[PDB]
Amino acid sequence: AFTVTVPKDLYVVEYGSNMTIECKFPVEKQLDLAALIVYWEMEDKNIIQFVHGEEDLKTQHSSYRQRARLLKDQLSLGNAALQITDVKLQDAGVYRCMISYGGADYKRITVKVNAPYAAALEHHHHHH
Amino acid sequence: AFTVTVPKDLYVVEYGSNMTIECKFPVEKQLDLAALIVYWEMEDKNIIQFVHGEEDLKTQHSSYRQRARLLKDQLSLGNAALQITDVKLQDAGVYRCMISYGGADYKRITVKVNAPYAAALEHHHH
Amino acid sequence: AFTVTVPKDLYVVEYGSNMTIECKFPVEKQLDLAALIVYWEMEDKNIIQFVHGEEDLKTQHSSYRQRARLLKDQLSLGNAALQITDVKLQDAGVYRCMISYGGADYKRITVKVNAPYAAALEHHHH
Amino acid sequence: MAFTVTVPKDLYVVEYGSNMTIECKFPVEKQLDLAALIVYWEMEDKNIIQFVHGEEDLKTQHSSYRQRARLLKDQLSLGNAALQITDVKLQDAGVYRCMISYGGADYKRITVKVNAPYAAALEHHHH
Ligand SMILES: COc1nc(OCc2cccc(-c3ccccc3)c2C)ncc1CN1CCCC[C@H]1C(=O)O
Ligand SMILES: COc1nc(OCc2cccc(-c3ccccc3)c2C)ncc1CN1CCCC[C@H]1C(=O)O
């Protein structure tokens, strides 16, 4: 069966760091971008929609505008990698990588964000 | 772009009743069952996995056993209908219909379950 | 030790209905209103504050205005009864009755609200 | 002068495996009367501490807070209900409530965030 696999289902990241979360899918021979769909989301917020080679920010939340990208290089190697830059406390939660490629599956990834008092205080009072 | 559609994104159902939650997908010529994938879940629990024109029970959460059925006859009209029988308070929450058919999409449906005191008390203690 | 008791820790109420949720506290003979503090809340929202023998609804959450009242006759019988009118889906959740009377204690009460589609839909969008 | 509990910090950030003291202040005029003081500490409706007229009372204490939690009794005479929890775990993260009756009654909320490295986070993730 078409199986999406996650080498890590748990990421522990420092506030302000960069994170690449990886979802693997089978690619035999050459990638057919025309048949590939990748959706990345966290708790029903859309981060990435890559449908036949193009991305649509349509439901792409402002939270992930400027900070989230899919690493396109990795796609031909069967790696749908979400890179988030300048990780914030609001990025903690359960991510889903949803892949359709002649077959469909999704996996969940848990992200925990560690932060110092100063970042935690700002998030606490000014809710990001 | 391939779009899954839900006529109702909210269902309010009575404890003990039967419920059909429906999601639509475009079928603009003879349904190709071989290319259709339908996945139904609620809060990470698998209810239905319809691949290669048949259903796989190897994944059902065991809270949905004998209670969950996908209505196949409708797929040719582009309706992925989940029928749940003997609705329980545990069936309340956010459902997802995930469809792959030359394109892929999903929609969320919220189910609220109304129950009398007697049923609610049992669910409360457990 | 001073013990607050709740005969029912679970209430099931209809949208638009009325509800009286009760917490019991020990009273021997004359209630001393001067020493009695009763605070009722739900998820951090103040519903009722009876201090120095009078209701103090200057801390009441706006969601409970005109809808919430402590039955002051009941206090003399050792019953802190919160009566809520025109129950909304937002009223569902965990209530706490906090009592200070020569001693202090609290208990939790769960309220579930049954509602028709029309009320559920408005709550769903708001 | 309504009886007011005050928290100098409503947010604590603690490292996994460390010890934490979280504090709630209450008005004490002259000398504390232990006989009139009740302090309850709880987190998400689990009881951690019950101090009723001068002693601990395990009337509602949850088993997780067995030999991990104490009230600093010295601090009470200064009007400080200080909860010390030892060997902080990821499950100790959340909203704490200090409930004080001393003539009047009030409660305040304190948020604890627990930072943990991958090894501790992984154990919590599976267990
Ligand atoms: C996650 O559970 C499963 N979901 C699905 O379809 C999901 C699905 C169905 C339909 C559409 C999408 C989609 C994909 C990308 C974007 C939007 C939606 C998705 C994502 N098919 C099998 C299983 C389970 N099955 C057996 C156990 C191992 C893995 C898997 C397998 O080998 O296929
Ligand atoms: C928490 O809010 C309040 N709680 C209460 O009684 C609680 C209460 C009442 C009765 C008993 C206990 C208790 C104490 C210790 C243990 C168990 C229970 C408790 C804990 N009375 C006023 C306010 C509100 N008050 C006015 C304005 C806002 C804030 C506060 C203030 O400014 O003083």
# chains A, B, ... in the order shown; residues from 1 in each chain; ligands from 1
>>> residues_near_ligand(ligand="ligand 1", cutoff="9 Å", atoms="only C-alpha atoms and all ligand atoms", output="PyMOL selection string")
(chain A and resi 1-5+36-40+49-51+96-101+103-108) or (chain B and resi 36-41+44+46+49-51+56+58-59+97-101+103-106)
>>> select_by_dssp(residues="chain D", states="strand (DSSP E or B)", output="MDAnalysis selection string")
chainID D and resid 6 11:15 20:25 38:43 46:52 55:56 61 69:71 80:85 94:102 104:115
>>> closest_residue(among="B:10, B:69, B:3, B:52", to="chain C", atoms="only C-alpha atoms")
B:10
>>> interface_residues(of="chain D", to="chain A", cutoff="10 Å", atoms="only C-alpha atoms", output="PDB file with N, CA, C and O atoms, in the first residue's frame")
ATOM      1  N   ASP D  10       2.429  35.582  37.597  1.00  0.00           N
ATOM      2  CA  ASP D  10       1.357  34.640  37.188  1.00  0.00           C
ATOM      3  C   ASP D  10       1.898  33.651  36.145  1.00  0.00           C
ATOM      4  O   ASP D  10       1.121  32.821  35.745  1.00  0.00           O
ATOM      5  N   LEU D  11       3.164  33.771  35.755  1.00  0.00           N
ATOM      6  CA  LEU D  11       3.830  32.847  34.797  1.00  0.00           C
ATOM      7  C   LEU D  11       5.188  32.424  35.331  1.00  0.00           C
ATOM      8  O   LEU D  11       6.005  33.292  35.623  1.00  0.00           O
ATOM      9  N   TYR D  12       5.425  31.126  35.407  1.00  0.00           N
ATOM     10  CA  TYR D  12       6.733  30.526  35.759  1.00  0.00           C
ATOM     11  C   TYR D  12       7.159  29.629  34.603  1.00  0.00           C
ATOM     12  O   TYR D  12       6.342  28.856  34.075  1.00  0.00           O
ATOM     13  N   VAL D  13       8.425  29.736  34.234  1.00  0.00           N
ATOM     14  CA  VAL D  13       9.081  28.825  33.255  1.00  0.00           C
ATOM     15  C   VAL D  13      10.099  28.007  34.042  1.00  0.00           C
ATOM     16  O   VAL D  13      10.946  28.595  34.661  1.00  0.00           O
ATOM     17  N   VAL D  14       9.964  26.694  34.022  1.00  0.00           N
ATOM     18  CA  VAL D  14      10.804  25.780  34.853  1.00  0.00           C
ATOM     19  C   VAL D  14      11.417  24.717  33.936  1.00  0.00           C
ATOM     20  O   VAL D  14      10.769  24.297  32.957  1.00  0.00           O
ATOM     21  N   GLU D  15      12.645  24.328  34.245  1.00  0.00           N
ATOM     22  CA  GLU D  15      13.388  23.275  33.492  1.00  0.00           C
ATOM     23  C   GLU D  15      12.991  21.926  34.107  1.00  0.00           C
ATOM     24  O   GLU D  15      12.876  21.847  35.375  1.00  0.00           O
ATOM     25  N   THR D 111       0.247  30.151  35.908  1.00  0.00           N
ATOM     26  CA  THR D 111       0.626  29.275  34.778  1.00  0.00           C
ATOM     27  C   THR D 111       2.069  28.840  34.942  1.00  0.00           C
ATOM     28  O   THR D 111       2.932  29.681  35.147  1.00  0.00           O
ATOM     29  N   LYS D 113       4.993  26.747  32.820  1.00  0.00           N
ATOM     30  CA  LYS D 113       5.495  26.117  31.564  1.00  0.00           C
ATOM     31  C   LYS D 113       6.739  25.305  31.930  1.00  0.00           C
ATOM     32  O   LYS D 113       7.568  25.824  32.685  1.00  0.00           O
ATOM     33  N   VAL D 114       6.841  24.084  31.424  1.00  0.00           N
ATOM     34  CA  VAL D 114       8.001  23.201  31.683  1.00  0.00           C
ATOM     35  C   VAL D 114       8.762  23.010  30.370  1.00  0.00           C
ATOM     36  O   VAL D 114       8.171  22.503  29.411  1.00  0.00           O
ATOM     37  N   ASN D 115      10.022  23.432  30.346  1.00  0.00           N
ATOM     38  CA  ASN D 115      10.969  23.174  29.234  1.00  0.00           C
ATOM     39  C   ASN D 115      11.584  21.807  29.491  1.00  0.00           C
ATOM     40  O   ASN D 115      11.864  21.500  30.672  1.00  0.00           O
ATOM     41  N   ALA D 116      11.732  20.984  28.449  1.00  0.00           N
ATOM     42  CA  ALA D 116      12.395  19.679  28.616  1.00  0.00           C
ATOM     43  C   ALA D 116      13.152  19.340  27.344  1.00  0.00           C
ATOM     44  O   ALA D 116      12.686  19.615  26.238  1.00  0.00           O
ATOM     45  N   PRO D 117      14.340  18.721  27.488  1.00  0.00           N
ATOM     46  CA  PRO D 117      15.080  18.216  26.346  1.00  0.00           C
ATOM     47  C   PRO D 117      14.393  16.978  25.753  1.00  0.00           C
ATOM     48  O   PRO D 117      13.500  16.408  26.363  1.00  0.00           O
ATOM     49  N   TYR D 118      14.868  16.570  24.578  1.00  0.00           N
ATOM     50  CA  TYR D 118      14.248  15.502  23.770  1.00  0.00           C
ATOM     51  C   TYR D 118      14.025  14.235  24.612  1.00  0.00           C
ATOM     52  O   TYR D 118      12.922  13.681  24.535  1.00  0.00           O
ATOM     53  N   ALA D 119      14.999  13.803  25.395  1.00  0.00           N
ATOM     54  CA  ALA D 119      14.959  12.514  26.137  1.00  0.00           C
ATOM     55  C   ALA D 119      13.739  12.478  27.073  1.00  0.00           C
ATOM     56  O   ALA D 119      12.961  11.525  27.024  1.00  0.00           O
ATOM     57  N   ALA D 121      11.115  14.569  26.935  1.00  0.00           N
ATOM     58  CA  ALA D 121       9.910  14.805  26.116  1.00  0.00           C
ATOM     59  C   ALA D 121       9.476  13.484  25.492  1.00  0.00           C
ATOM     60  O   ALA D 121       8.281  13.221  25.460  1.00  0.00           O
ATOM     61  N   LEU D 122      10.413  12.662  25.025  1.00  0.00           N
ATOM     62  CA  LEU D 122      10.121  11.369  24.346  1.00  0.00           C
ATOM     63  C   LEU D 122       9.440  10.413  25.333  1.00  0.00           C
ATOM     64  O   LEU D 122       8.411   9.802  24.970  1.00  0.00           O
ATOM     65  N   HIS D 125       6.002  11.562  25.867  1.00  0.00           N
ATOM     66  CA  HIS D 125       5.269  11.345  24.590  1.00  0.00           C
ATOM     67  C   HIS D 125       4.711   9.915  24.550  1.00  0.00           C
ATOM     68  O   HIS D 125       3.542   9.776  24.198  1.00  0.00           O
TER      69      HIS D 125
END
>>> closest_residue(among="D:99, D:82, D:110, D:69", to="chain C", atoms="only C-alpha atoms")
D:99
>>> residues_around(residues="stretch 19-35 of chain B", least_positions_apart="4", cutoff="8 Å", atoms="only C-alpha atoms", output="ChimeraX atom specification")
/A:102-103 /B:2-8,11,13,51-53,75-85,87,97,99-102,107,109
>>> select_by_dssp(residues="chain B", states="alpha helix (DSSP H)", output="ChimeraX atom specification")
/B:117-124
>>> atom_distance(atom1="atom 10 (C, counted along the ligand's line) of ligand 2", atom2="atom CA of residue D:108")
12.4 Å
>>> interface_residues(of="chain B", to="chain C", cutoff="10 Å", atoms="only C-alpha atoms", output="ChimeraX atom specification")
/B:9-14,110,112-118,120-121,124
>>> atom_distance(atom1="atom CA of residue C:45", atom2="atom CA of residue C:17")
20.5 Å
>>> residues_around(residues="stretch 52-64 of chain A", least_positions_apart="3", cutoff="12 Å", atoms="only C-alpha atoms", output="ChimeraX atom specification")
/A:31-49,67-72,75-76,82-91,99-101,128 /B:1-2,102-104
>>> residues_around(residues="residue D:94", least_positions_apart="2", cutoff="8 Å", atoms="only C-alpha atoms", output="ChimeraX atom specification")
/D:43-44,91-92,96,111-113
>>> closest_atom_pairs(of="chain D", to="ligand 2", cutoff="8 Å", atoms="only C-alpha atoms and all ligand atoms", output="CSV")
residue,atom,partner,partner_atom_place_in_ligand_line,distance
D:2,CA,ligand 2,33 (O),5.3
D:3,CA,ligand 2,33 (O),5.1
D:4,CA,ligand 2,33 (O),3.9
D:5,CA,ligand 2,33 (O),6.6
D:38,CA,ligand 2,15 (C),5.4
D:39,CA,ligand 2,15 (C),5.5
D:40,CA,ligand 2,16 (C),5.1
D:98,CA,ligand 2,20 (C),7.9
D:99,CA,ligand 2,15 (C),4.3
D:100,CA,ligand 2,15 (C),4.2
D:101,CA,ligand 2,14 (C),4.4
D:104,CA,ligand 2,21 (N),7.4
D:105,CA,ligand 2,8 (C),4.6
D:106,CA,ligand 2,7 (C),4.0
D:107,CA,ligand 2,1 (C),4.5
D:108,CA,ligand 2,1 (C),6.3
>>> write_last_selection(atoms="N, CA and C atoms", output="CSV table (one decimal), in the first residue's frame")
chain,number,residue,atom,x,y,z
D,2,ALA,N,-11.5,44.9,50.3
D,2,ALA,CA,-11.9,43.5,50.0
D,2,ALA,C,-10.6,42.6,50.1
D,3,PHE,N,-10.8,41.4,50.7
D,3,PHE,CA,-9.7,40.5,50.9
D,3,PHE,C,-9.2,40.1,49.4
D,4,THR,N,-7.9,40.4,49.2
D,4,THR,CA,-7.3,40.2,47.8
D,4,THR,C,-6.1,39.4,47.9
D,5,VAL,N,-6.1,38.2,47.2
D,5,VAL,CA,-4.9,37.4,47.0
D,5,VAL,C,-4.2,38.0,45.8
D,38,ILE,N,-7.2,29.0,55.9
D,38,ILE,CA,-7.3,27.8,55.0
D,38,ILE,C,-6.5,28.1,53.7
D,39,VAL,N,-5.6,27.2,53.3
D,39,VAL,CA,-4.9,27.3,52.0
D,39,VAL,C,-5.2,26.0,51.2
D,40,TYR,N,-5.8,26.1,50.0
D,40,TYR,CA,-5.8,25.0,49.1
D,40,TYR,C,-5.0,25.4,47.9
D,98,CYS,N,-4.3,29.0,43.8
D,98,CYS,CA,-4.1,29.1,45.2
D,98,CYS,C,-5.4,29.7,45.8
D,99,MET,N,-6.1,29.0,46.7
D,99,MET,CA,-7.4,29.3,47.2
D,99,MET,C,-7.1,29.6,48.7
D,100,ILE,N,-7.4,30.8,49.1
D,100,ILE,CA,-7.1,31.3,50.5
D,100,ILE,C,-8.3,31.8,51.1
D,101,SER,N,-8.7,31.3,52.3
D,101,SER,CA,-9.7,31.9,53.2
D,101,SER,C,-8.9,32.4,54.5
D,104,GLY,N,-11.7,37.0,54.8
D,104,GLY,CA,-12.3,36.9,53.5
D,104,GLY,C,-11.7,35.7,52.7
D,105,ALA,N,-12.0,35.6,51.5
D,105,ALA,CA,-11.6,34.5,50.6
D,105,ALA,C,-11.4,35.0,49.2
D,106,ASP,N,-10.4,34.5,48.5
D,106,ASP,CA,-10.0,34.8,47.1
D,106,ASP,C,-9.1,33.7,46.6
D,107,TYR,N,-9.0,33.6,45.3
D,107,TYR,CA,-8.1,32.7,44.6
D,107,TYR,C,-7.5,33.4,43.4
D,108,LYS,N,-6.3,33.0,43.1
D,108,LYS,CA,-5.6,33.5,41.9
D,108,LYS,C,-5.0,32.3,41.1
>>> atom_distance(atom1="atom CA of residue D:21", atom2="atom CA of residue D:85")
6.5 Å
>>> decode(residues="stretch 103-122 of chain B", atoms="N, CA and C atoms", output="PDB file, in the first residue's frame")
ATOM      1  N   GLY B 103      -6.592  14.019  -7.879  1.00  0.00           N
ATOM      2  CA  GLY B 103      -6.753  15.199  -7.016  1.00  0.00           C
ATOM      3  C   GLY B 103      -7.102  14.720  -5.616  1.00  0.00           C
ATOM      4  N   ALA B 104      -6.901  15.546  -4.595  1.00  0.00           N
ATOM      5  CA  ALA B 104      -7.179  15.153  -3.195  1.00  0.00           C
ATOM      6  C   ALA B 104      -7.591  16.387  -2.412  1.00  0.00           C
ATOM      7  N   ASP B 105      -8.484  16.191  -1.443  1.00  0.00           N
ATOM      8  CA  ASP B 105      -9.023  17.259  -0.573  1.00  0.00           C
ATOM      9  C   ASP B 105      -9.704  16.604   0.636  1.00  0.00           C
ATOM     10  N   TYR B 106     -10.019  17.374   1.666  1.00  0.00           N
ATOM     11  CA  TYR B 106     -10.844  16.889   2.795  1.00  0.00           C
ATOM     12  C   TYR B 106     -11.712  18.030   3.288  1.00  0.00           C
ATOM     13  N   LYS B 107     -12.769  17.676   4.015  1.00  0.00           N
ATOM     14  CA  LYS B 107     -13.596  18.638   4.766  1.00  0.00           C
ATOM     15  C   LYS B 107     -13.837  18.104   6.183  1.00  0.00           C
ATOM     16  N   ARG B 108     -14.073  19.028   7.107  1.00  0.00           N
ATOM     17  CA  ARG B 108     -14.428  18.708   8.506  1.00  0.00           C
ATOM     18  C   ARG B 108     -15.935  18.834   8.691  1.00  0.00           C
ATOM     19  N   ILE B 109     -16.486  17.947   9.506  1.00  0.00           N
ATOM     20  CA  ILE B 109     -17.909  17.991   9.906  1.00  0.00           C
ATOM     21  C   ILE B 109     -17.949  17.869  11.429  1.00  0.00           C
ATOM     22  N   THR B 110     -18.676  18.764  12.094  1.00  0.00           N
ATOM     23  CA  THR B 110     -18.896  18.703  13.558  1.00  0.00           C
ATOM     24  C   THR B 110     -20.189  17.958  13.839  1.00  0.00           C
ATOM     25  N   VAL B 111     -20.140  16.949  14.698  1.00  0.00           N
ATOM     26  CA  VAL B 111     -21.339  16.220  15.166  1.00  0.00           C
ATOM     27  C   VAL B 111     -21.544  16.546  16.650  1.00  0.00           C
ATOM     28  N   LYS B 112     -22.727  17.017  17.011  1.00  0.00           N
ATOM     29  CA  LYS B 112     -23.182  17.203  18.419  1.00  0.00           C
ATOM     30  C   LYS B 112     -24.223  16.126  18.706  1.00  0.00           C
ATOM     31  N   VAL B 113     -24.118  15.488  19.862  1.00  0.00           N
ATOM     32  CA  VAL B 113     -25.041  14.406  20.269  1.00  0.00           C
ATOM     33  C   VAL B 113     -25.844  14.915  21.471  1.00  0.00           C
ATOM     34  N   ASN B 114     -27.162  15.003  21.309  1.00  0.00           N
ATOM     35  CA  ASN B 114     -28.113  15.294  22.409  1.00  0.00           C
ATOM     36  C   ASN B 114     -28.435  13.965  23.074  1.00  0.00           C
ATOM     37  N   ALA B 115     -28.516  13.942  24.402  1.00  0.00           N
ATOM     38  CA  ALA B 115     -28.844  12.715  25.142  1.00  0.00           C
ATOM     39  C   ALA B 115     -29.680  13.056  26.368  1.00  0.00           C
ATOM     40  N   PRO B 116     -30.571  12.136  26.783  1.00  0.00           N
ATOM     41  CA  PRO B 116     -31.278  12.275  28.055  1.00  0.00           C
ATOM     42  C   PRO B 116     -30.314  12.101  29.238  1.00  0.00           C
ATOM     43  N   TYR B 117     -30.763  12.530  30.416  1.00  0.00           N
ATOM     44  CA  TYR B 117     -29.961  12.488  31.663  1.00  0.00           C
ATOM     45  C   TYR B 117     -29.347  11.095  31.877  1.00  0.00           C
ATOM     46  N   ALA B 118     -30.171  10.062  31.742  1.00  0.00           N
ATOM     47  CA  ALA B 118     -29.828   8.657  32.072  1.00  0.00           C
ATOM     48  C   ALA B 118     -28.616   8.216  31.248  1.00  0.00           C
ATOM     49  N   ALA B 119     -28.615   8.456  29.940  1.00  0.00           N
ATOM     50  CA  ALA B 119     -27.492   8.112  29.036  1.00  0.00           C
ATOM     51  C   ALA B 119     -26.270   8.967  29.376  1.00  0.00           C
ATOM     52  N   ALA B 120     -26.472  10.260  29.637  1.00  0.00           N
ATOM     53  CA  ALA B 120     -25.363  11.202  29.914  1.00  0.00           C
ATOM     54  C   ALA B 120     -24.649  10.752  31.191  1.00  0.00           C
ATOM     55  N   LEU B 121     -25.394  10.279  32.199  1.00  0.00           N
ATOM     56  CA  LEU B 121     -24.800   9.842  33.490  1.00  0.00           C
ATOM     57  C   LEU B 121     -23.816   8.670  33.290  1.00  0.00           C
ATOM     58  N   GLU B 122     -24.214   7.652  32.533  1.00  0.00           N
ATOM     59  CA  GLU B 122     -23.352   6.483  32.185  1.00  0.00           C
ATOM     60  C   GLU B 122     -22.049   6.980  31.537  1.00  0.00           C
TER      61      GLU B 122
END
